[PDB]
Amino acid sequence: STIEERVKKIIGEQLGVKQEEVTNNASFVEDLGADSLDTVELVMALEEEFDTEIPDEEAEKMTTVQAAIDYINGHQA
Ligand SMILES: C[As](C)(=O)[O-]
Ligand code: NA
Ligand SMILES: [Zn+2]
Ligand SMILES: [Zn+2]
Ligand SMILES: [Zn+2]
Ligand SMILES: [Zn+2]
Ligand SMILES: [Zn+2]
Ligand SMILES: [Zn+2]
Ligand SMILES: [Zn+2]
């Protein structure tokens, strides 16, 4: 599985959303129904899956699926 696939799987699982709905340009809050808890638990799930830290100032701007994919691809452990 590619990093795109693994990031999308974690997002779908954390947010209770179906894969077909996790499009690359989807907004976590505006398309995938993320509530405030979801935002911190999603960051935590990505950090744990990829063994990487995400600074909160960058999480605040990480508002789409592609933003999360690009962060993870760009910070490989
Ligand atoms: C706990 As699981 C179904 O993402 O391996
Ligand atoms: Na795919
Ligand atoms: Zn899984
Ligand atoms: Zn849905
Ligand atoms: Zn949208
Ligand atoms: Zn951690
Ligand atoms: Zn940890
Ligand atoms: Zn760890
Ligand atoms: Zn951490």
Side-chain angles (χ1 to χ4, degrees):
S1 75
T2 64
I3 286 183
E4 166 175 87
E5 287 171 325
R6 294 169 61 199
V7 166
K8 286 190 183 198
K9 142 161 325 111
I10 291 301
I11 293 165
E13 287 177 358
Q14 284 302 132
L15 302 184
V17 300
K18 51 192 149 190
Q19 271 309 106
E20 51 273 31
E21 197 176 3
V22 185
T23 57
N24 287 51
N25 66 7
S27 169
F28 294 121
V29 175
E30 303 298 323
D31 294 299
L32 306 184
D35 66 17
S36 287
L37 177 63
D38 286 333
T39 61
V40 296
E41 289 193 325
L42 185 45
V43 167
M44 177 182 308
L46 292 173
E47 289 195 352
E48 204 69 29
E49 170 81 12
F50 291 110
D51 194 26
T52 184
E53 292 303 331
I54 300 167
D56 302 337
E57 58 139 33
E58 299 194 46
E60 162 156 30
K61 282 188 181 157
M62 191 174 297
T63 58
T64 64
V65 172
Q66 195 65 61
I69 296 168
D70 294 350
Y71 182 96
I72 297 296
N73 259 331
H75 293 79
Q76 282 180 59

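Values below: all heavy atoms of this structure, side chains included; hydrogens, waters and symmetry mates excluded. Just follow the structure's listing: the first ligand is 1, and inside any ligand the first atom is 1. In what follows, residues are counted from 1 in the order of the sequence shown.
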Exercise. State, with a plain yes or no, whether a side-chain heavy atom of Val29 is found less than 4.5 Å away from one of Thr63.
Key: no

Practice problem: Give the total of protein N/O/S atoms at a distance below 2.8 Å from the Zn ion (ligand 4). | Solution: 1

Side-chain donor-acceptor pairs of residues 42-49 under 3.5 Å, sequence neighbours excluded:
unit_1	atom_1	unit_2	atom_2	d
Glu47	OE2	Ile54	N	2.8
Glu49	OE2	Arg6	NE	3.4
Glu49	OE2	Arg6	NH2	3.1

Quiz item: Taking the side chain as C-beta and beyond, is there a heavy-atom pair between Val65 and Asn25 under 4.5 Å?
Solution: no

Exercise. Quick one: name the protein N/O/S atoms under 2.8 Å from the Zn ion (ligand 9), chain by chain.
Key: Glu47 OE1, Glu53 OE1

Quiz item: Is there a donor-acceptor contact under 3.5 Å from the side chain of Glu5 to the main chain of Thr2?
Solution: yes

Quiz item: Taking side chain as C-beta onward, heavy atoms only, is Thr39 less than 4.5 Å from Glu60?
Solution: no

Exercise. In sequence, state the C-alpha distance, the side-chain angles, and the governing distance for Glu21 and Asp31, and then conclude on side chain to side chain contact (heavy atoms under 4.5 Å, CB included).
Key: CA-CA 8 Å; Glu21 197 176 3; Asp31 294 299; over 6 Å; no

Anything under 3.5 Å between a donor and an acceptor, one on a side chain of residues 70-77, the other on a protein residue two or more places apart or in another chain? List them.
unit_1	atom_1	unit_2	atom_2	d
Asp70	OD1	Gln66	NE2	2.9
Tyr71	OH	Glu53	O	2.8
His75	ND1	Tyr71	O	2.8
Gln76	NE2	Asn73	O	3.0

Exercise. Please indicate whether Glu20 has more than 12 foreign heavy atoms, meaning atoms of other residues, nucleotides or ligands, lying under 6.0 Å from its CD.
Key: yes

Quiz item: Side chain of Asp35, backbone of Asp38: donor and acceptor closer than 3.5 Å?
Solution: yes

